2 protein chains.
Amino acid sequence: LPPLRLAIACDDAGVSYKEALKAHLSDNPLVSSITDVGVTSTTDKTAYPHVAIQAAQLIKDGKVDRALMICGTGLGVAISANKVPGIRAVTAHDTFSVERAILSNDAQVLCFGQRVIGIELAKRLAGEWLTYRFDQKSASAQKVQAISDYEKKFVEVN
Amino acid sequence: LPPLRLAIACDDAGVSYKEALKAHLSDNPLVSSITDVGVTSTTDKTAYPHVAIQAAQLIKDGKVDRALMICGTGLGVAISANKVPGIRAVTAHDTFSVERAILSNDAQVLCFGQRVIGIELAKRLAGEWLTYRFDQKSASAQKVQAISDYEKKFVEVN
Ligand SMILES: [Cl-]
Ligand SMILES: [Cl-]
C-alpha cells in the first residue's frame, strides 16, 4: 500500500496523546509525512474548532490525505471537521468502527478522546486505520454519494 | 426538567435497536413525543444519509429538540447530520462522552452503532442523555460559537 500524508491536531486536552501518537506513527511505513497543526502545549487554550477546521482544510486543499484529531472526548473535533465541504469525520474507539470509517464511510478524519480511551488502544487503532483503503467502486460509495449530493446545496461566499 | 421532543431514525442495520430504544423511551417523562422518520423494516434499503438528514432537518425546522439515530456503526448517520446547518451530531458509546455531547458540544443528535454496542448499554445511555441540558452561558458556548461562525460562510441555494 502506498503511504499517506497525515495531518494531526489536538486541543489542550489532547496534547499528551497527540505527542504519543505522533511518535508512534513517525516510524510507520504507511505514513509519508505528518503535518502538525497544533496545539503544541497544554498552555495553548485555542478552542478545538479552529484546529479541527485547519487540519480538515489541509485535506480539502490537497495538502494531506487524512487527519488524526485528539481532544477531551474526540467529539468536538469530529463535529467541526464535518462542517468542511467534502470532509467526513468520525470519533471511533473500537477496531470494527475504525475499519468501517474507511471502508464504508470513506472518512478522511479519525478522532479520539484522550479523557475516555487509553493510549495503547488509541495507538493500535491508528495503526490499523492506515491499513484500510476505501474502494470507490464499492456499494458503500453510492451511500457516501448521497452525503455529497446534499453538500451540493451550499455555496461558500466567505 | 421539561420534556423534550425527539426524532428517531435508523437504516436497515439499526431496526431492532431502534424499536427497543423507542419502546424504552416511550414511558420516559423527559420525552414529550417521538417522531419516527424510519426506516420501519429491515427490507427498506434506503441509504442512511436520507434518514439522518430528514431527522436533522426536523431539529433545524423547530419540529423536534433532539434526534436519536441508529445504524450499523453509528458513524454514517453522525457524519450526515453534521452536514445540516446548525446541527451538531455525535457517535457515543460511553457515559462520559454522552454527558459531554450535551454539556460541552450542545449536540442535538446522538448516534449508536447496533453492530458495535449492546442494547442495554444503549438504552442506559439514551436515558442519561435526556437528563443533561446545555448551559448557553457556559464557557463551552464560546467554543460551540466558533463552529457556528464557520457555518456563516455558506448559503443554501438549492
Ligand atoms: Cl476494539
Ligand atoms: Cl460507559
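Residues numbered from 1 in each chain as written, not as in the entry; some residues may be left out. Chains lettered and ligands numbered in written order. Heavy atoms only, no water. Residues with missing side-chain atoms left out of burial classes, pairs and counts.

- Listed as the method for this PDB entry is X-ray crystallography; the listed resolution is 1.8000 Å.

Let's talk about the overall build of chain A
Thinking step 1. The helix and strand inventory of chain A stands at six helices and six strands.
Thinking step 2. Along its sequence from the N terminus, chain A presents helices and strands in the succession β-α-β-α-β-α-β-α-β-α-α-β.
Thinking step 3. A compact globule built from 158 residues should have a C-alpha radius of gyration of about 15 Å, and chain A, at 15 Å, falls within 12% of that.
Thinking step 4. Principal-axis analysis of the C-alpha atoms places the extent of chain A at approximately 40 × 40 × 25 Å.
Thinking step 5. Taking all contacts inside chain A whose residues are at least 6 apart in sequence as the whole, residues at least 24 apart take part in 70%. (Helix = DSSP H or I, 4+ residues; strand = E, 2+ residues; numbered from the N terminus. Rg over C-alpha atoms; globule rule 2.2 N^0.38 Å. Contact = heavy atoms within 4.5 Å.)

Let's talk about the UniProt feature "binding site: D-ribulose 5-phosphate" in chain A
Thinking step 1. Mapped onto this numbering, the UniProt entry annotates "binding site: D-ribulose 5-phosphate" at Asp-11, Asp-12, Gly-72, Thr-73, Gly-74, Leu-75, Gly-76, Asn-105, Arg-115 and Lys-143 of chain A. A stretch of 133 residues holds the annotated residues, and the largest C-alpha distance among them is 35.2 Å, long enough that they do not meet in one place. Considering only the residues just annotated, the largest cavity is lined by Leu-75 of chain A.
Thinking step 2. By relative accessible area, which is 3% here, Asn-105 of chain A ends up buried.
Thinking step 3. With respect to the helices, strands and loops of the structure, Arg-115 of chain A is situated in the loop between β5 (109–113) and α5 (119–130).
Thinking step 4. Judged by relative accessible area, which is 59%, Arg-115 of chain A ranks as exposed.
Thinking step 5. Residues in contact with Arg-115 of chain A, not counting those within four places in the same chain, are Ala-13 and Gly-72 of chain A together with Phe-96 of chain B. (UniProt positions renumbered as here; feature names shortened; annotations may be inferred. 1 Å grid on protein atoms, 1.4 Å probe; cavity = no way out; pocket = protein on both sides within 12 Å on 5 of 7 lines; lining within 4 Å. Buried < 20%, exposed > 50% of the residue type's maximum accessible area, 1.4 Å probe, protein only.)

A word on the sheet that holds strand β2 (residues 31–36) of chain A
All names here are of chain A.
Thinking step 1. Taking strand neighbours across the sheet as the criterion, the five strands line up as β2-β1-β3-β5-β4 in an open arrangement whose pairing is parallel. Each edge of the open sheet is held by one strand with a lone partner, namely β2 and β4 (89–91). Averaged over all neighbouring strand pairs, the angle between strand axes comes to 20 degrees, with direction disregarded.
Thinking step 2. Sheet topology places strand β1 (residues 4–10) next to β2; five bridges connect them, and they run parallel. Across the sheet, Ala-7 pairs through a bridge with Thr-35, a residue of β2.
Thinking step 3. On the sheet, helix α1 (residues 15–25) packs against β1, β2, β3 (66–71) and β5 and is oriented at approximately 165 degrees with respect to β1.
Thinking step 4. Its contacts with the sheet put helix α2 (residues 48–60) on β1, β2, β3 and β5, and the angle it makes with β3 is roughly 170 degrees. (Pairing = 2+ DSSP bridges. Axes fitted to C-alpha atoms, helices over the stretch in contact; angles between N-to-C directions.)

Quick notes on the interface of chain B and chain A
Thinking step 1. Each partner contributes residues to the interface: chain B has 41 residues there, and chain A has 41 residues.
Thinking step 2. Between chain B and chain A lies a buried interface of about 3,600 Å² when both sides are counted; carbon and sulfur atoms form 66% of it.
Thinking step 3. Contact with chain A buries surface across chain B, with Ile-79, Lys-83 and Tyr-150 of chain B losing the most and accounting together for 20% of the total.
Thinking step 4. The interface formed by chain B and chain A includes four salt bridges.
Thinking step 5. The partner of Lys-83 of chain A in a salt bridge is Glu-151 of chain B, and the shortest N-O contact between them spans 2.9 Å.
Thinking step 6. Counting every contact that joins chain B to chain A gives 17 residue pairs in polar contact.
Thinking step 7. At the level of elements, α2 (48–60), α3 (75–82), β4 (89–91), α4 (95–103), α6 (140–151) and β6 (154–156) of chain B are the ones that each hand at least two residues to the side of chain B that touches chain A.
Thinking step 8. Residue classes in the side of chain B that touches chain A are distributed as 22 nonpolar, 10 polar and nine charged.
Thinking step 9. The pairing of strand β6 (residues 154–156) of chain A with β6 of chain B spans three bridges and is antiparallel. (Buried area = accessible area lost by both parts, 1.4 Å probe. Salt bridge = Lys/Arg side-chain N within 4 Å of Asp/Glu carboxyl O. Polar contact = N/O pair within 3.5 Å; in protein donor to acceptor, adjacent residues only side chain to side chain. Nonpolar A, V, L, I, M, F, W, Y, C, P; charged D, E, K, R; others polar.)

Here we look at the sheet that holds β4 of chain B
Residue and element names in this part refer to chain B.
Thinking step 1. The five strands lie next to each other as β2-β1-β3-β5-β4, forming an open sheet whose pairing is parallel. The sheet is open, and its two borders are formed by β2 (31–36) and β4, each paired with just one other strand. Neighbour-to-neighbour, the strand axes of the sheet open up by a mean angle of 20 degrees, direction not taken into account.
Thinking step 2. Running at roughly 165 degrees to β4, α3 makes contact with β3 (66–71), β4 and β5 (109–113) of the sheet.

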